[PDB]
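Have a look below at one chain only, the form deposited in one PDB entry, in structure tokens format.
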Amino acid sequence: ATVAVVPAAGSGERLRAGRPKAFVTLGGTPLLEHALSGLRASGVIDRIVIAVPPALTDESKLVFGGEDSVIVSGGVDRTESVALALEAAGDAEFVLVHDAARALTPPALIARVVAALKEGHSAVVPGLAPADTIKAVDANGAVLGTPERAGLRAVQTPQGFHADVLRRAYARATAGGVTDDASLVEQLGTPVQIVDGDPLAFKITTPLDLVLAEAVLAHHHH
């Protein structure tokens, strides 16, 4: 079985007042609903576990629950939220962790992640070459160096794992600031394989992001 875990249980940004980025509306619909639709339309996800703010567990069950979608109370950080979601994941072979702010992620991208895991990769991440040159900077903001742009990937979600590989990684070190699940797995040198991402799987968090997302909805739906 393949389970998708969706941490939608809060925010470290004080501006947002504990409201997850996942609950922002897009075309009158929360980002989380768009993300769930993508996961379901991929046709490769058996169950989804969504971690939500504890106060909104009842509300989320009613709105986002279903035969393939389990709701759990989330944690104080993202790392705890994913950990709590993993409890309810059961005995899945594959676990995908998906950022619900990447609302317009195409279903095909999600299938690509699962397909690569079935080829035998333990850890799979969608990515694209960065549009801008990326530079390493020191604490001063002085350039340390410029890696080959073609040797870099801006990575997206869902990030896919063999379940035990992911659970072992989550078993150690809280350090809640982690947003990238593959990074946790990489601490032991576990191989991670990039598959093609998609420009549409951008994270929707800023006003400019939301402007782009609304514009995409217009082309797709109006």
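One rule holds for the numbers: they count along the sequence shown, beginning at 1. Only the largest set of C-alpha atoms that superpose within 1.5 Å between the two forms is called the rigid core.
Absent from the display: the form deposited in another entry. The rest refers to it.
- When two forms of a protein are overlaid on their rigid core, residues whose CA moves 2 Å or more are considered shifted, and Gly12 is one of them between this form and the one not shown.
- A decrease of at least 3 Å in the separation of the C-alpha atoms of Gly18 and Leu210 is found in the other entry, compared with the displayed form.
- In summary, the C-alpha positions of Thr105 and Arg14 converge in the other entry, ending up at least 3 angstroms nearer each other than in this conformation.
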